[PDB]
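First listed ligand is number 1; within each ligand, the first listed atom is number 1. Side-chain atoms are counted along with the backbone in the values below, which use heavy atoms only and exclude waters and symmetry mates. A note on names: the letters A, B, ... follow the listed sequences, proteins ahead of strands, and every chain is numbered from 1.
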Amino acid sequence: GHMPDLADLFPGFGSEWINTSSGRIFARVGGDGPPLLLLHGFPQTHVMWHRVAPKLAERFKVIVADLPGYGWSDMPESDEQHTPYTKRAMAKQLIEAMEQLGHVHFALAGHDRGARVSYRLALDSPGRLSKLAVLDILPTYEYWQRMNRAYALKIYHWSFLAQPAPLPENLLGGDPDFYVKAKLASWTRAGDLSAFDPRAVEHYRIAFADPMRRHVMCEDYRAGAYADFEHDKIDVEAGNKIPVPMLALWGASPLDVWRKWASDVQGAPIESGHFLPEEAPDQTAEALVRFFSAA
Amino acid sequence: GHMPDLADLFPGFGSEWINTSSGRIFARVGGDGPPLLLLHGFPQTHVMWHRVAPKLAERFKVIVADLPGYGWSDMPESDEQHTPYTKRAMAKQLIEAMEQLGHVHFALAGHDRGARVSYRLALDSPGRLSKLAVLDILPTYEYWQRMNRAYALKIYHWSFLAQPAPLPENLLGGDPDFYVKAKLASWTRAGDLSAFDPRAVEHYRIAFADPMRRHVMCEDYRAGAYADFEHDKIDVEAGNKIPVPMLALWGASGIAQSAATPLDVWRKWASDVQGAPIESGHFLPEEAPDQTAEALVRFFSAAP
Ligand code: NI
Ligand code: NI
């Protein structure tokens with residue numbers, strides 16, 4: 001009874017609680033063949049890939065993991081530098097998890113915060129990856145460098161969530177169900193929850209209802225403002241590029257920027273707002289299947 | 001029996017609820033001399049002037065007003081453009097209020113959002129003012145143009161409170177007393193509530209405890225993100241400067257200096273401006289009441 005019995009949106013996938021030095025990672029695992037790790041972002045959990053994972057599982061062993069501190073993954077204790085929720089740390093932790101499942105090398109697709117873990121994994125540890133896909137992001141450095149009135153208004157959560165504790169936590173506690181649903185709706189093409197399966201929304205809501213989980217989200221954004229930015233800035237200053245074959249997808253509702261950060265990148269627009277795998281599952285799955293099958 | 005227990009922080013001053021075409025303006029009115037309108041900002045009310053008002057009332061008729069929608073003033077119905085909470089509209093309204101009190105021309109000092117009302121007033125209706133003081137601000141256009149990562153983090157509330165309704169309102173409802181005391185403390189030099197009279201804090205707290213009053217604050221910030229920014233941009237593009245003799249005061253540890261050295265910014269916006277730093281964070285008349293009152297008396301008074 002320690003865990004809620006939430007809807008199973010991955011028919012035929014197993015569940016794994018995977019040990020790491022920083023705590024357990026929860027993942028759904030399905031299909032067969034070369035490993036493909038899929039990483040969600042904010043304010044979601046692993047279930048965001050439920051529409052695309054079955055298609056990918058035709059050809060790959062699909063591992064659909066909750067980020068450190070998200071969903072059902074354990075929440076390592078943070079520190080003043082937000083270390084465990086930096087993308088650098090998260091990437092190392094997910095490397096440990098993949099090794100547990102038997103995979104020293106793997107393919108990787110990330111959305112939103114998961115995409116940030118992914119490109120950072122690729123900068124830090126490019127030998128681990130065969131191919132990388134990033135969905136609907138630019139690097140953290142780029143979002144901060146382009147900070148201005150327009151961006152401040154559009155990605156206000158980058159500055160609000162990064163305020164020192166307990167400011168955002170105290171505020172999010174006063175109607176979390178509203179916040180999580182507003183955050184999802186606001187970044188869809190439709191501006192409502194129509195693109196999401198209601199059962200997925202319930203996963204997202206249940207996670208966001210726990211104050212400890214909301215604290216981790218804020219630690220993630222604090223890292224995003226400070227250590228993750230600094231990590232990125234070091235790469236920019238040395239002109240470091242990802243050498244891994246890369247695919248950037250983005251919602252038409254970015255390749256030039258990615259070509260500054262990667263020496264082998266393909267890209268495509270998807271008719272979607274932010275949540276590509278749920279708003280445009282067929283187009284997203286087709287793009288990923290093609291890219292990861294070329295190897 | 002609905003009025004909360006709130007201290008009278010202006011011994012001897014009258015209390016007026018002043019009619020206008022957009023709602024009543026609440027003010028304390030004291031002293032003797034030519035008129036000086038004092039305008040607070042966020043998340044405060046007129047009571048923030050309580051440490052400097054007596055000194056100014058030795059030479060001036062001091063009118064200490066709650067901004068439209070704030071404190072005890074009425075809350076005008078807003079619209080999609082947040083019109084009545086735009087600085088242009090608040091200025092027109094406070095002009096109506098001064099005319100009701102019998103003052104067609106007056107001197108004006110503002111702090112924070114009240115200072116934004118003040119310089120907009122000076123741009124729009126310069127013939128109304130004899131002299132203008134703005135406390136711990138730069139123009140709204142200037143804060144937006146300087147909104148890089150560091151300043152986005154420092155003044156995050158500019159983007160947060162400007163989100164579409166009801167998002168900030170629903171968040172603030174979560175622990176409003178923590179939020180207001182957090183804002184008050186964080187913008188001080190000491191980083192705590194030591195600079196404030198606890199009786200004043202209770203005024204701020206009671207105001208902020210009302211969801212309707214918080215909604216007005218969000219509307220102000222929305223105006224600040226949209227229409228107010230666009231009005232400023234028009235003036236910048238045209239080269240329009242404030243002609244009214246002007247004083248910019250700012251905290252050495254305040255908000256305005258975090259963006260830029262303030263006097264050189266104000267010289268771009270105004271043709272006769274003087275300025276000086278005060279040893280203080282953002283809340284100059286409460287953190288540094290003797291220095292602030294002296295600066296203001298010397299600037300507004302013809303006597304040395
Ligand atoms: Ni259990
Ligand atoms: Ni009563």
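A salt bridge links A/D124 to A/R88: one of the charged nitrogens lies within less than 4.0 Å of a carboxylate oxygen. Using a cut-off of 4.0 Å between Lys/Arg side-chain N and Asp/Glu carboxylate O, B/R51 and B/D197 are scored as not salt-bridged. A salt bridge links A/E99 to A/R128: one of the charged nitrogens lies within less than 4.0 Å of a carboxylate oxygen.
No side-chain N or O of B/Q100 forms a donor-acceptor pair with one of B/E16 less than 3.5 Å apart.
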**Prompt:** Given B/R199 and B/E202, is the salt bridge (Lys or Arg N to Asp or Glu O under 4.0 Å) satisfied, shown in steps?
**Reply:** CA-CA 5 Å; B/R199 306 168 301 164; B/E202 183 66 2; over 6 Å; no
Anything under 3.5 Å between a donor and an acceptor, one on a side chain of residues 215-224 of chain B, the other on a protein residue two or more places apart or in another chain? List them.
{"unit_1": "B/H215", "atom_1": "ND1", "unit_2": "B/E169", "atom_2": "OE2", "d": "2.7"}
{"unit_1": "B/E219", "atom_1": "OE1", "unit_2": "B/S78", "atom_2": "OG", "d": "2.6"}
{"unit_1": "B/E219", "atom_1": "OE1", "unit_2": "B/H82", "atom_2": "ND1", "d": "2.8"}
{"unit_1": "B/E219", "atom_1": "OE2", "unit_2": "B/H82", "atom_2": "ND1", "d": "3.4"}
{"unit_1": "B/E219", "atom_1": "OE2", "unit_2": "B/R222", "atom_2": "NH1", "d": "2.9"}
{"unit_1": "B/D220", "atom_1": "OD1", "unit_2": "B/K87", "atom_2": "NZ", "d": "2.8"}
{"unit_1": "B/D220", "atom_1": "OD1", "unit_2": "B/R113", "atom_2": "NE", "d": "2.9"}
{"unit_1": "B/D220", "atom_1": "OD1", "unit_2": "B/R113", "atom_2": "NH2", "d": "2.9"}
{"unit_1": "B/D220", "atom_1": "OD2", "unit_2": "B/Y70", "atom_2": "OH", "d": "2.6"}
{"unit_1": "B/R222", "atom_1": "NE", "unit_2": "B/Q163", "atom_2": "O", "d": "2.9"}
{"unit_1": "B/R222", "atom_1": "NH1", "unit_2": "B/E169", "atom_2": "OE2", "d": "2.9"}
{"unit_1": "B/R222", "atom_1": "NH2", "unit_2": "B/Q163", "atom_2": "O", "d": "2.9"}
{"unit_1": "B/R222", "atom_1": "NH2", "unit_2": "B/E169", "atom_2": "OE1", "d": "2.9"}
{"unit_1": "B/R222", "atom_1": "NH2", "unit_2": "B/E169", "atom_2": "OE2", "d": "3.2"}

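Around the Ni ion (ligand 2), the protein atoms of type N, O or S that sit closer than 2.8 Å are B/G1 N, B/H2 N, B/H2 ND1.
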